Amino acid sequence: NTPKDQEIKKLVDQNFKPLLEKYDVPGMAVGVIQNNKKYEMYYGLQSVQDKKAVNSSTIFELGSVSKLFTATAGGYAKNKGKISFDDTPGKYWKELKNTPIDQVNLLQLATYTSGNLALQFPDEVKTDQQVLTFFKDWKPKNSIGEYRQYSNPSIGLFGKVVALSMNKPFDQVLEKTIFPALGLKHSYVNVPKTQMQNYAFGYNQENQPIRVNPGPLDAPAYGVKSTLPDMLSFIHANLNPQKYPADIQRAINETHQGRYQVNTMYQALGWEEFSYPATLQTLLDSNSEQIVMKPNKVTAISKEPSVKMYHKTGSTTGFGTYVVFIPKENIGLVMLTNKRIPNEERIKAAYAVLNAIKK
Ligand SMILES: *[B@@-]1(O)O[C@H](CNS(=O)(=O)c2ccc(Cl)cc2)c2ccccc21
Ligand SMILES: [Cl-]
Ligand code: NA
């Protein structure tokens, strides 16, 4: 119950708690890490029917914040020499050798610039064989590397290749190598039986309990579930990579490097990157329909900002996630909800908290 405890509680109550009523959200976890200390705020219920409160054990679906762990895995393999970002996917998924998609390099897959991969796989692509056929039948549309189109199949293929280069399934890459390296104890691609009691239900617009369904390359694109304490540890690792062993430290740093620019947004690996201080409008623009849903011409980076901040939104059918951190301020914030709320609301509430907090 320190002054800082009470300040952050007030700030989160002022800016995040009203969203519970506005959007009829059953449960929420909001955490701030500042000065290497975690402040955790919990609201409502992880399970309505069970009257089980959200707490530090509650497991939430991260949605596209999962892409940050896929990016980290990629940075890990790259800096161990298992892959080069200049490689093409057929070097590792041999069935793609000598197909058109084998002209796209791993960095372009990871940062969504293949020129012909949409937000989602086609509805009809479900089985492993259908995914393989999808990529074997793939052909270019836009000039490769020139257009960013935010895409699950794109970074999902990147993650599959990362896993192949490590001779392990993607779920094991994260659960056996990446999560332990980051110090995470309750982060999962597949929640085990002994943790199902901690796995929140998500809630749709009818307030029915739902969880993410299986989908093609789901694990690298949107398949991670985690707790508020683990996500604050992940933010700590991004704030303080020098404190971690070389292999994961290099991976974390690798994910921070901007690869190209779209207006005021720099695309890093998984993370979106901005010059800091960033305006609220800049952060909102990054999640506009134009940026999220449409192709945008990229521009090569002339000068990466010397002072930066990073964020990422994530959603599943039943869950919302937002993460943000600012190295120069040694501060970050995580929001987890078990009902989707508009991305702009997540960005606005986090902006108000991080800019009002005493430094
Ligand atoms: B992942 O969380 O990001 C994408 C897109 N998410 S979304 O909620 O469909 C969305 C967000 C903003 C706009 Cl402007 C449009 C749409 C995604 C897609 C499927 C699964 C996981 C994720
Ligand atoms: Cl999202
Ligand atoms: Na998809």
# chains A, B, ... in the order shown; residues from 1 in each chain; ligands from 1
$ residues_around --residues "residue 4 (chain A)" --least-positions-apart "5" --cutoff "10 Å" --atoms "only C-alpha atoms" --output "list in words"
residues 9, 10, 34, 39, 357 and 358 of chain A
$ residues_near_ligand --ligand "ligand 1" --cutoff "7 Å" --atoms "only C-alpha atoms and all ligand atoms" --output "list in words"
residues 63, 64, 65, 119, 120, 152, 221, 222, 287, 288, 289, 292, 293, 313, 314, 315, 316 and 343 of chain A
$ write_last_selection --atoms "N, CA and C atoms" --output "compact mmCIF listing (two decimals), in the first residue's frame"
# COMPACT_ATOMS: atom_id res chain seq x y z
N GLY A 63 -4.30 -13.45 -28.14
CA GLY A 63 -4.55 -13.06 -29.52
C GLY A 63 -3.25 -12.69 -30.23
N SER A 64 -3.29 -11.62 -31.03
CA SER A 64 -2.12 -11.26 -31.82
C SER A 64 -0.94 -10.78 -30.98
N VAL A 65 -1.10 -10.57 -29.68
CA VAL A 65 0.10 -10.33 -28.88
C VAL A 65 0.97 -11.58 -28.87
N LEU A 119 -5.32 -10.88 -43.97
CA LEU A 119 -5.37 -10.96 -42.51
C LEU A 119 -5.48 -12.41 -42.06
N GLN A 120 -6.36 -13.17 -42.71
CA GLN A 120 -6.62 -14.55 -42.34
C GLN A 120 -6.43 -15.48 -43.53
N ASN A 152 -2.07 -12.99 -40.55
CA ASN A 152 -1.82 -14.19 -39.76
C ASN A 152 -1.06 -15.25 -40.54
N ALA A 221 0.40 -17.35 -34.85
CA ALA A 221 -0.31 -16.11 -35.19
C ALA A 221 -1.11 -15.54 -34.03
N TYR A 222 -1.69 -16.39 -33.17
CA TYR A 222 -2.57 -15.88 -32.12
C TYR A 222 -2.83 -16.88 -31.00
N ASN A 287 -3.50 1.61 -35.33
CA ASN A 287 -4.53 0.59 -35.30
C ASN A 287 -5.77 1.02 -36.07
N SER A 288 -5.64 2.02 -36.93
CA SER A 288 -6.71 2.39 -37.83
C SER A 288 -7.02 1.25 -38.80
N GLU A 289 -8.24 1.28 -39.34
CA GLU A 289 -8.62 0.32 -40.37
C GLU A 289 -7.67 0.36 -41.56
N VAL A 292 -4.52 -1.60 -40.34
CA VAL A 292 -4.74 -2.98 -39.90
C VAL A 292 -5.28 -3.86 -41.03
N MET A 293 -6.15 -3.32 -41.88
CA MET A 293 -6.94 -4.14 -42.80
C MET A 293 -6.56 -3.97 -44.26
N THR A 313 -1.53 -4.54 -30.00
CA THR A 313 -2.86 -4.99 -29.62
C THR A 313 -3.03 -6.47 -29.99
N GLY A 314 -3.91 -7.15 -29.27
CA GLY A 314 -4.24 -8.52 -29.64
C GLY A 314 -5.66 -8.84 -29.25
N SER A 315 -6.36 -9.63 -30.08
CA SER A 315 -7.70 -10.05 -29.72
C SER A 315 -7.94 -11.48 -30.19
N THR A 316 -8.78 -12.20 -29.45
CA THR A 316 -9.46 -13.38 -29.97
C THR A 316 -10.96 -13.10 -29.93
N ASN A 343 -9.95 -1.40 -29.90
CA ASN A 343 -8.52 -1.16 -29.72
C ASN A 343 -8.24 0.29 -29.33
$ residues_around --residues "region 270-285 of chain A" --least-positions-apart "3" --cutoff "7 Å" --atoms "only C-alpha atoms" --output "MDAnalysis selection string"
chainID A and resid 67:68 71 255:256 258 264:267 288 305 307:312 344 347 351
$ write_last_selection --atoms "N, CA, C and O atoms" --output "PDB file, in the first residue's frame"
ATOM      1  N   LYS A  67       2.056 -12.857 -31.493  1.00  0.00           N
ATOM      2  CA  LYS A  67       3.057 -12.580 -32.524  1.00  0.00           C
ATOM      3  C   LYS A  67       4.353 -12.046 -31.930  1.00  0.00           C
ATOM      4  O   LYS A  67       5.420 -12.181 -32.540  1.00  0.00           O
ATOM      5  N   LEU A  68       4.281 -11.412 -30.753  1.00  0.00           N
ATOM      6  CA  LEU A  68       5.498 -10.950 -30.090  1.00  0.00           C
ATOM      7  C   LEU A  68       6.361 -12.118 -29.628  1.00  0.00           C
ATOM      8  O   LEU A  68       7.591 -12.035 -29.671  1.00  0.00           O
ATOM      9  N   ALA A  71       7.869 -13.518 -32.845  1.00  0.00           N
ATOM     10  CA  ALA A  71       9.001 -12.661 -33.179  1.00  0.00           C
ATOM     11  C   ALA A  71      10.212 -12.971 -32.307  1.00  0.00           C
ATOM     12  O   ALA A  71      11.349 -13.040 -32.795  1.00  0.00           O
ATOM     13  N   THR A 255      13.987  -8.103 -31.751  1.00  0.00           N
ATOM     14  CA  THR A 255      12.591  -7.746 -32.005  1.00  0.00           C
ATOM     15  C   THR A 255      12.327  -6.253 -31.924  1.00  0.00           C
ATOM     16  O   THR A 255      11.234  -5.828 -32.309  1.00  0.00           O
ATOM     17  N   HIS A 256      13.273  -5.456 -31.417  1.00  0.00           N
ATOM     18  CA  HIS A 256      13.065  -4.022 -31.292  1.00  0.00           C
ATOM     19  C   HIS A 256      13.495  -3.243 -32.525  1.00  0.00           C
ATOM     20  O   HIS A 256      13.180  -2.052 -32.627  1.00  0.00           O
ATOM     21  N   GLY A 258      13.577  -1.570 -35.938  1.00  0.00           N
ATOM     22  CA  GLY A 258      12.634  -1.226 -36.987  1.00  0.00           C
ATOM     23  C   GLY A 258      13.136  -1.709 -38.339  1.00  0.00           C
ATOM     24  O   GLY A 258      14.316  -1.588 -38.666  1.00  0.00           O
ATOM     25  N   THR A 264       3.889   7.189 -39.469  1.00  0.00           N
ATOM     26  CA  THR A 264       4.560   7.391 -38.195  1.00  0.00           C
ATOM     27  C   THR A 264       4.851   6.093 -37.465  1.00  0.00           C
ATOM     28  O   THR A 264       5.358   6.136 -36.339  1.00  0.00           O
ATOM     29  N   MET A 265       4.522   4.950 -38.056  1.00  0.00           N
ATOM     30  CA  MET A 265       4.763   3.656 -37.435  1.00  0.00           C
ATOM     31  C   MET A 265       5.986   3.008 -38.069  1.00  0.00           C
ATOM     32  O   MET A 265       6.171   3.065 -39.285  1.00  0.00           O
ATOM     33  N   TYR A 266       6.852   2.444 -37.232  1.00  0.00           N
ATOM     34  CA  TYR A 266       7.930   1.588 -37.694  1.00  0.00           C
ATOM     35  C   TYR A 266       7.551   0.144 -37.384  1.00  0.00           C
ATOM     36  O   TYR A 266       7.090  -0.155 -36.282  1.00  0.00           O
ATOM     37  N   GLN A 267       7.715  -0.745 -38.354  1.00  0.00           N
ATOM     38  CA  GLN A 267       7.408  -2.156 -38.138  1.00  0.00           C
ATOM     39  C   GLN A 267       8.669  -2.849 -37.638  1.00  0.00           C
ATOM     40  O   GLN A 267       9.647  -2.974 -38.377  1.00  0.00           O
ATOM     41  N   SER A 288      -5.635   2.020 -36.933  1.00  0.00           N
ATOM     42  CA  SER A 288      -6.711   2.392 -37.833  1.00  0.00           C
ATOM     43  C   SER A 288      -7.024   1.249 -38.801  1.00  0.00           C
ATOM     44  O   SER A 288      -6.201   0.361 -39.048  1.00  0.00           O
ATOM     45  N   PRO A 305      14.361   6.351 -34.972  1.00  0.00           N
ATOM     46  CA  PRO A 305      14.380   7.290 -33.842  1.00  0.00           C
ATOM     47  C   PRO A 305      15.355   6.823 -32.767  1.00  0.00           C
ATOM     48  O   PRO A 305      15.530   5.626 -32.538  1.00  0.00           O
ATOM     49  N   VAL A 307      15.058   7.652 -29.530  1.00  0.00           N
ATOM     50  CA  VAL A 307      14.254   7.340 -28.348  1.00  0.00           C
ATOM     51  C   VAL A 307      12.900   6.811 -28.811  1.00  0.00           C
ATOM     52  O   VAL A 307      12.211   7.465 -29.599  1.00  0.00           O
ATOM     53  N   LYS A 308      12.507   5.638 -28.312  1.00  0.00           N
ATOM     54  CA  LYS A 308      11.413   4.889 -28.919  1.00  0.00           C
ATOM     55  C   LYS A 308      10.429   4.379 -27.878  1.00  0.00           C
ATOM     56  O   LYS A 308      10.723   4.313 -26.680  1.00  0.00           O
ATOM     57  N   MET A 309       9.243   4.001 -28.359  1.00  0.00           N
ATOM     58  CA  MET A 309       8.319   3.195 -27.578  1.00  0.00           C
ATOM     59  C   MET A 309       7.707   2.151 -28.502  1.00  0.00           C
ATOM     60  O   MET A 309       7.799   2.243 -29.730  1.00  0.00           O
ATOM     61  N   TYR A 310       7.098   1.135 -27.902  1.00  0.00           N
ATOM     62  CA  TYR A 310       6.614  -0.009 -28.663  1.00  0.00           C
ATOM     63  C   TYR A 310       5.260  -0.421 -28.115  1.00  0.00           C
ATOM     64  O   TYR A 310       5.020  -0.296 -26.911  1.00  0.00           O
ATOM     65  N   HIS A 311       4.380  -0.937 -28.983  1.00  0.00           N
ATOM     66  CA  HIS A 311       3.146  -1.524 -28.461  1.00  0.00           C
ATOM     67  C   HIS A 311       2.622  -2.599 -29.405  1.00  0.00           C
ATOM     68  O   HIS A 311       3.168  -2.842 -30.487  1.00  0.00           O
ATOM     69  N   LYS A 312       1.554  -3.257 -28.963  1.00  0.00           N
ATOM     70  CA  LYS A 312       0.871  -4.268 -29.766  1.00  0.00           C
ATOM     71  C   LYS A 312      -0.500  -4.513 -29.159  1.00  0.00           C
ATOM     72  O   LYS A 312      -0.606  -4.699 -27.946  1.00  0.00           O
ATOM     73  N   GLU A 344      -8.993   1.235 -29.885  1.00  0.00           N
ATOM     74  CA  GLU A 344      -8.742   2.630 -29.548  1.00  0.00           C
ATOM     75  C   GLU A 344      -8.922   2.866 -28.053  1.00  0.00           C
ATOM     76  O   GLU A 344      -8.158   3.621 -27.441  1.00  0.00           O
ATOM     77  N   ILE A 347      -5.758   1.714 -26.218  1.00  0.00           N
ATOM     78  CA  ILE A 347      -4.645   2.640 -26.443  1.00  0.00           C
ATOM     79  C   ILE A 347      -4.849   3.938 -25.663  1.00  0.00           C
ATOM     80  O   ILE A 347      -3.911   4.466 -25.035  1.00  0.00           O
ATOM     81  N   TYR A 351      -2.529   5.261 -22.610  1.00  0.00           N
ATOM     82  CA  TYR A 351      -1.884   6.562 -22.780  1.00  0.00           C
ATOM     83  C   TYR A 351      -2.145   7.472 -21.587  1.00  0.00           C
ATOM     84  O   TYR A 351      -1.225   8.129 -21.079  1.00  0.00           O
TER      85      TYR A 351
END
$ closest_residue --among "A:36, A:261, A:165, A:207" --to "residue 83 (chain A)" --atoms "only C-alpha atoms"
A:165
$ residues_around --residues "residue 235 (chain A)" --least-positions-apart "5" --cutoff "9 Å" --atoms "only C-alpha atoms" --output "ChimeraX atom specification"
/A:33,230,240,323-325,331-334
$ write_last_selection --atoms "N, CA and C atoms" --output "PDB file, in the first residue's frame"
ATOM      1  N   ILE A  33       4.440  -1.970 -14.878  1.00  0.00           N
ATOM      2  CA  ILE A  33       5.769  -2.196 -14.315  1.00  0.00           C
ATOM      3  C   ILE A  33       6.538  -0.883 -14.414  1.00  0.00           C
ATOM      4  N   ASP A 230       3.007 -12.992 -15.685  1.00  0.00           N
ATOM      5  CA  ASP A 230       3.927 -13.389 -16.747  1.00  0.00           C
ATOM      6  C   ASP A 230       4.096 -12.280 -17.779  1.00  0.00           C
ATOM      7  N   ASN A 240      14.550  -4.532 -20.020  1.00  0.00           N
ATOM      8  CA  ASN A 240      15.844  -4.773 -19.398  1.00  0.00           C
ATOM      9  C   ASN A 240      16.522  -6.001 -19.980  1.00  0.00           C
ATOM     10  N   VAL A 323      -0.343  -4.383 -24.936  1.00  0.00           N
ATOM     11  CA  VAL A 323       0.929  -4.242 -24.231  1.00  0.00           C
ATOM     12  C   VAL A 323       1.689  -3.040 -24.788  1.00  0.00           C
ATOM     13  N   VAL A 324       2.423  -2.339 -23.922  1.00  0.00           N
ATOM     14  CA  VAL A 324       3.157  -1.142 -24.347  1.00  0.00           C
ATOM     15  C   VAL A 324       4.331  -0.952 -23.398  1.00  0.00           C
ATOM     16  N   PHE A 325       5.476  -0.507 -23.929  1.00  0.00           N
ATOM     17  CA  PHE A 325       6.596  -0.209 -23.033  1.00  0.00           C
ATOM     18  C   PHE A 325       7.470   0.897 -23.613  1.00  0.00           C
ATOM     19  N   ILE A 331       9.267   1.786 -18.075  1.00  0.00           N
ATOM     20  CA  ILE A 331       7.869   1.614 -17.712  1.00  0.00           C
ATOM     21  C   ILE A 331       7.157   0.841 -18.807  1.00  0.00           C
ATOM     22  N   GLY A 332       6.148   0.071 -18.403  1.00  0.00           N
ATOM     23  CA  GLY A 332       5.301  -0.617 -19.359  1.00  0.00           C
ATOM     24  C   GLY A 332       3.949  -0.905 -18.743  1.00  0.00           C
ATOM     25  N   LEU A 333       3.002  -1.252 -19.601  1.00  0.00           N
ATOM     26  CA  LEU A 333       1.655  -1.568 -19.158  1.00  0.00           C
ATOM     27  C   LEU A 333       1.110  -2.743 -19.951  1.00  0.00           C
ATOM     28  N   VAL A 334       0.327  -3.579 -19.271  1.00  0.00           N
ATOM     29  CA  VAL A 334      -0.382  -4.695 -19.893  1.00  0.00           C
ATOM     30  C   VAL A 334      -1.855  -4.582 -19.526  1.00  0.00           C
TER      31      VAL A 334
END
$ closest_atom_pairs --of "chain A" --to "ligand 3" --cutoff "12 Å" --atoms "only C-alpha atoms and all ligand atoms" --output "tab-separated table"
residue	atom	partner	partner_atom_place_in_ligand_line	distance
A:63	CA	ligand 3	1 (Na)	11.2
A:64	CA	ligand 3	1 (Na)	10.7
A:117	CA	ligand 3	1 (Na)	10.2
A:118	CA	ligand 3	1 (Na)	8.6
A:119	CA	ligand 3	1 (Na)	6.7
A:120	CA	ligand 3	1 (Na)	3.6
A:121	CA	ligand 3	1 (Na)	4.4
A:122	CA	ligand 3	1 (Na)	7.5
A:123	CA	ligand 3	1 (Na)	8.3
A:124	CA	ligand 3	1 (Na)	10.7
A:125	CA	ligand 3	1 (Na)	8.9
A:126	CA	ligand 3	1 (Na)	9.4
A:131	CA	ligand 3	1 (Na)	10.5
A:150	CA	ligand 3	1 (Na)	11.1
A:151	CA	ligand 3	1 (Na)	7.8
A:152	CA	ligand 3	1 (Na)	5.0
A:153	CA	ligand 3	1 (Na)	5.8
A:154	CA	ligand 3	1 (Na)	9.3
A:155	CA	ligand 3	1 (Na)	10.1
A:156	CA	ligand 3	1 (Na)	8.4
A:157	CA	ligand 3	1 (Na)	10.9
A:212	CA	ligand 3	1 (Na)	11.9
A:213	CA	ligand 3	1 (Na)	11.1
A:214	CA	ligand 3	1 (Na)	10.0
A:215	CA	ligand 3	1 (Na)	6.7
A:216	CA	ligand 3	1 (Na)	6.3
A:217	CA	ligand 3	1 (Na)	7.2
A:218	CA	ligand 3	1 (Na)	6.8
A:219	CA	ligand 3	1 (Na)	10.2
A:220	CA	ligand 3	1 (Na)	10.3
A:221	CA	ligand 3	1 (Na)	7.4
A:222	CA	ligand 3	1 (Na)	8.6
A:223	CA	ligand 3	1 (Na)	10.8
A:316	CA	ligand 3	1 (Na)	11.2
$ write_last_selection --atoms "C-alpha atoms" --output "PDB file, in the first residue's frame"
ATOM      1  CA  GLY A  63      -4.548 -13.060 -29.521  1.00  0.00           C
ATOM      2  CA  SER A  64      -2.116 -11.257 -31.822  1.00  0.00           C
ATOM      3  CA  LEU A 117      -1.280 -12.695 -47.810  1.00  0.00           C
ATOM      4  CA  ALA A 118      -4.455 -11.435 -46.163  1.00  0.00           C
ATOM      5  CA  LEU A 119      -5.373 -10.955 -42.514  1.00  0.00           C
ATOM      6  CA  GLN A 120      -6.625 -14.552 -42.341  1.00  0.00           C
ATOM      7  CA  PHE A 121      -6.320 -17.805 -44.210  1.00  0.00           C
ATOM      8  CA  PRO A 122      -9.279 -18.602 -46.485  1.00  0.00           C
ATOM      9  CA  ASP A 123     -12.121 -20.158 -44.496  1.00  0.00           C
ATOM     10  CA  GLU A 124     -11.663 -23.386 -46.459  1.00  0.00           C
ATOM     11  CA  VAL A 125      -8.003 -23.841 -45.409  1.00  0.00           C
ATOM     12  CA  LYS A 126      -8.123 -25.913 -42.214  1.00  0.00           C
ATOM     13  CA  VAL A 131      -2.245 -25.290 -45.448  1.00  0.00           C
ATOM     14  CA  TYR A 150      -1.068  -7.309 -41.657  1.00  0.00           C
ATOM     15  CA  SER A 151      -1.447 -11.059 -41.884  1.00  0.00           C
ATOM     16  CA  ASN A 152      -1.818 -14.191 -39.756  1.00  0.00           C
ATOM     17  CA  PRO A 153      -0.700 -16.665 -42.475  1.00  0.00           C
ATOM     18  CA  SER A 154       2.369 -14.511 -43.152  1.00  0.00           C
ATOM     19  CA  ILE A 155       3.818 -14.501 -39.645  1.00  0.00           C
ATOM     20  CA  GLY A 156       2.388 -17.980 -39.071  1.00  0.00           C
ATOM     21  CA  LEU A 157       4.507 -19.293 -41.931  1.00  0.00           C
ATOM     22  CA  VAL A 212     -10.230 -19.789 -29.111  1.00  0.00           C
ATOM     23  CA  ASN A 213     -10.915 -22.522 -31.648  1.00  0.00           C
ATOM     24  CA  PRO A 214      -8.240 -24.476 -33.532  1.00  0.00           C
ATOM     25  CA  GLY A 215      -7.144 -22.845 -36.761  1.00  0.00           C
ATOM     26  CA  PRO A 216      -4.398 -23.149 -39.378  1.00  0.00           C
ATOM     27  CA  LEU A 217      -1.027 -21.990 -38.025  1.00  0.00           C
ATOM     28  CA  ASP A 218      -2.952 -20.679 -34.998  1.00  0.00           C
ATOM     29  CA  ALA A 219      -0.088 -21.046 -32.526  1.00  0.00           C
ATOM     30  CA  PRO A 220       2.406 -18.548 -34.084  1.00  0.00           C
ATOM     31  CA  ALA A 221      -0.307 -16.111 -35.192  1.00  0.00           C
ATOM     32  CA  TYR A 222      -2.570 -15.876 -32.121  1.00  0.00           C
ATOM     33  CA  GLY A 223      -2.217 -18.984 -29.947  1.00  0.00           C
ATOM     34  CA  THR A 316      -9.460 -13.381 -29.969  1.00  0.00           C
TER      35      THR A 316
END
$ select_by_dssp --residues "region 67-233 of chain A" --states "strand (DSSP E or B)" --output "number ranges by chain"
A: 147-148, 188, 199, 202-203, 209-210, 225-226
$ write_last_selection --atoms "C-alpha atoms" --output "PDB file, in the first residue's frame"
ATOM      1  CA  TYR A 147       3.331  -3.504 -49.356  1.00  0.00           C
ATOM      2  CA  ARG A 148       2.554  -4.192 -45.709  1.00  0.00           C
ATOM      3  CA  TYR A 188       1.194 -21.649 -22.739  1.00  0.00           C
ATOM      4  CA  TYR A 199      -8.040 -20.481 -17.756  1.00  0.00           C
ATOM      5  CA  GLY A 202     -13.875 -15.346 -22.919  1.00  0.00           C
ATOM      6  CA  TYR A 203     -17.261 -13.746 -23.475  1.00  0.00           C
ATOM      7  CA  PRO A 209     -18.397 -18.355 -22.480  1.00  0.00           C
ATOM      8  CA  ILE A 210     -16.050 -19.059 -25.408  1.00  0.00           C
ATOM      9  CA  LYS A 225      -2.301 -17.691 -23.286  1.00  0.00           C
ATOM     10  CA  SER A 226      -0.705 -16.020 -20.262  1.00  0.00           C
TER      11      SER A 226
END
$ residues_around --residues "residue 186 (chain A)" --least-positions-apart "4" --cutoff "12 Å" --atoms "only C-alpha atoms" --output "NGL selection string"
:A and (56-60 or 174-175 or 179-180 or 182 or 190-192 or 194-196 or 198-199 or 224-231 or 233-234)
$ write_last_selection --atoms "N, CA, C and O atoms" --output "compact mmCIF listing (two decimals), in the first residue's frame"
# COMPACT_ATOMS: atom_id res chain seq x y z
N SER A 56 -4.16 -13.18 -9.91
CA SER A 56 -2.84 -13.26 -10.51
C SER A 56 -2.57 -14.60 -11.18
O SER A 56 -1.61 -14.70 -11.96
N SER A 57 -3.39 -15.62 -10.91
CA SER A 57 -3.30 -16.90 -11.60
C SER A 57 -4.13 -16.97 -12.89
O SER A 57 -3.98 -17.94 -13.64
N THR A 58 -5.00 -15.99 -13.16
CA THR A 58 -5.92 -16.11 -14.29
C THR A 58 -5.16 -16.11 -15.62
O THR A 58 -4.32 -15.24 -15.86
N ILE A 59 -5.48 -17.08 -16.48
CA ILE A 59 -4.88 -17.21 -17.80
C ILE A 59 -5.83 -16.61 -18.84
O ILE A 59 -7.01 -16.99 -18.91
N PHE A 60 -5.31 -15.67 -19.63
CA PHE A 60 -6.05 -15.01 -20.70
C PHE A 60 -5.45 -15.38 -22.05
O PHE A 60 -4.25 -15.62 -22.17
N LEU A 174 8.18 -22.52 -28.00
CA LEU A 174 7.81 -21.55 -26.98
C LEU A 174 7.82 -22.16 -25.58
O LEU A 174 8.40 -21.59 -24.65
N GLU A 175 7.18 -23.31 -25.41
CA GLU A 175 7.00 -23.83 -24.05
C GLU A 175 8.28 -24.45 -23.47
O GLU A 175 8.43 -24.50 -22.24
N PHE A 179 9.71 -19.51 -23.46
CA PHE A 179 9.08 -19.12 -22.20
C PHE A 179 10.00 -19.33 -21.00
O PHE A 179 10.07 -18.44 -20.13
N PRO A 180 10.71 -20.46 -20.87
CA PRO A 180 11.65 -20.58 -19.74
C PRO A 180 12.77 -19.56 -19.80
O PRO A 180 13.21 -19.05 -18.76
N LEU A 182 12.62 -16.57 -20.82
CA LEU A 182 12.03 -15.31 -20.38
C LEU A 182 11.59 -15.34 -18.92
O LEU A 182 11.11 -14.32 -18.41
N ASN A 190 -0.63 -24.53 -25.31
CA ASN A 190 -1.69 -25.45 -24.92
C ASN A 190 -1.74 -25.47 -23.41
O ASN A 190 -0.78 -25.87 -22.75
N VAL A 191 -2.84 -24.97 -22.85
CA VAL A 191 -3.02 -24.95 -21.40
C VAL A 191 -3.16 -26.37 -20.89
O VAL A 191 -4.05 -27.11 -21.35
N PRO A 192 -2.32 -26.82 -19.96
CA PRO A 192 -2.42 -28.19 -19.46
C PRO A 192 -3.60 -28.38 -18.52
O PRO A 192 -4.15 -27.43 -17.95
N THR A 194 -3.86 -29.33 -15.54
CA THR A 194 -3.73 -28.80 -14.19
C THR A 194 -3.90 -27.29 -14.12
O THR A 194 -3.97 -26.75 -13.01
N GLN A 195 -3.97 -26.60 -15.26
CA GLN A 195 -4.17 -25.16 -15.27
C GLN A 195 -5.52 -24.74 -15.82
O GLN A 195 -5.81 -23.54 -15.87
N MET A 196 -6.37 -25.69 -16.24
CA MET A 196 -7.65 -25.31 -16.82
C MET A 196 -8.51 -24.55 -15.83
O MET A 196 -9.29 -23.67 -16.23
N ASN A 198 -7.55 -22.28 -14.03
CA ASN A 198 -7.10 -20.90 -14.08
C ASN A 198 -7.36 -20.24 -15.42
O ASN A 198 -7.13 -19.03 -15.56
N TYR A 199 -7.81 -21.00 -16.41
CA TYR A 199 -8.04 -20.48 -17.76
C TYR A 199 -9.39 -19.77 -17.76
O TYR A 199 -10.44 -20.41 -17.58
N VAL A 224 -1.17 -17.93 -27.99
CA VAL A 224 -0.55 -17.94 -26.67
C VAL A 224 -1.55 -17.47 -25.62
O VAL A 224 -2.36 -16.58 -25.88
N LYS A 225 -1.50 -18.09 -24.44
CA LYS A 225 -2.30 -17.69 -23.29
C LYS A 225 -1.36 -17.43 -22.12
O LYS A 225 -0.36 -18.14 -21.95
N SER A 226 -1.65 -16.40 -21.31
CA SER A 226 -0.70 -16.02 -20.26
C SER A 226 -1.45 -15.31 -19.13
O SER A 226 -2.64 -15.02 -19.23
N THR A 227 -0.72 -15.04 -18.05
CA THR A 227 -1.24 -14.38 -16.87
C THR A 227 -0.72 -12.95 -16.80
O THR A 227 0.28 -12.61 -17.44
N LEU A 228 -1.34 -12.13 -15.95
CA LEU A 228 -0.82 -10.77 -15.81
C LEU A 228 0.61 -10.78 -15.27
O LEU A 228 1.46 -10.09 -15.84
N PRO A 229 0.95 -11.54 -14.24
CA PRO A 229 2.35 -11.54 -13.81
C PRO A 229 3.33 -11.97 -14.89
O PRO A 229 4.39 -11.35 -15.03
N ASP A 230 3.01 -12.99 -15.68
CA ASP A 230 3.93 -13.39 -16.75
C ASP A 230 4.10 -12.28 -17.78
O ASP A 230 5.21 -12.03 -18.27
N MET A 231 3.00 -11.61 -18.14
CA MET A 231 3.12 -10.57 -19.16
C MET A 231 3.94 -9.38 -18.65
O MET A 231 4.69 -8.77 -19.42
N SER A 233 6.43 -9.76 -16.55
CA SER A 233 7.78 -10.28 -16.71
C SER A 233 8.26 -10.13 -18.15
O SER A 233 9.42 -9.77 -18.39
N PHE A 234 7.39 -10.41 -19.12
CA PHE A 234 7.78 -10.25 -20.52
C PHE A 234 8.10 -8.79 -20.82
O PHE A 234 9.08 -8.50 -21.54
$ residues_around --residues "residue 299 (chain A)" --least-positions-apart "2" --cutoff "7 Å" --atoms "only C-alpha atoms" --output "list in words"
residues 260, 261, 262, 297 and 301 of chain A
$ write_last_selection --atoms "N, CA, C and O atoms" --output "compact mmCIF listing (two decimals), in the first residue's frame"
# COMPACT_ATOMS: atom_id res chain seq x y z
N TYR A 260 11.08 -1.19 -41.43
CA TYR A 260 10.62 -0.22 -42.42
C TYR A 260 9.61 0.68 -41.72
O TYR A 260 9.31 0.51 -40.53
N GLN A 261 9.08 1.64 -42.47
CA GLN A 261 8.21 2.67 -41.93
C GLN A 261 6.91 2.70 -42.73
O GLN A 261 6.93 2.50 -43.95
N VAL A 262 5.79 2.91 -42.05
CA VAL A 262 4.51 3.24 -42.67
C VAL A 262 3.97 4.47 -41.94
O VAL A 262 3.44 4.34 -40.83
N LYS A 297 1.88 0.90 -48.85
CA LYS A 297 3.25 0.95 -49.34
C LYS A 297 4.20 1.25 -48.19
O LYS A 297 3.95 2.15 -47.40
N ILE A 301 13.77 2.84 -43.94
CA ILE A 301 14.07 3.71 -42.81
C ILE A 301 15.31 4.54 -43.13
O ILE A 301 16.38 3.99 -43.40
$ select_by_dssp --residues "region 176-295 of chain A" --states "helix (DSSP H, G or I)" --output "NGL selection string"
:A and (176-181 or 193-198 or 218-222 or 228-239 or 241-243 or 246-256 or 280-285 or 289-293)
$ closest_residue --among "A:62, A:352, A:248, A:19" --to "ligand 2" --atoms "only C-alpha atoms and all ligand atoms"
A:62
$ atom_distance --atom1 "CA of residue 139 (chain A)" --atom2 "CA of residue 257 (chain A)"
29.0 Å
$ atom_distance --atom1 "CA of residue 26 (chain A)" --atom2 "CA of residue 337 (chain A)"
7.9 Å
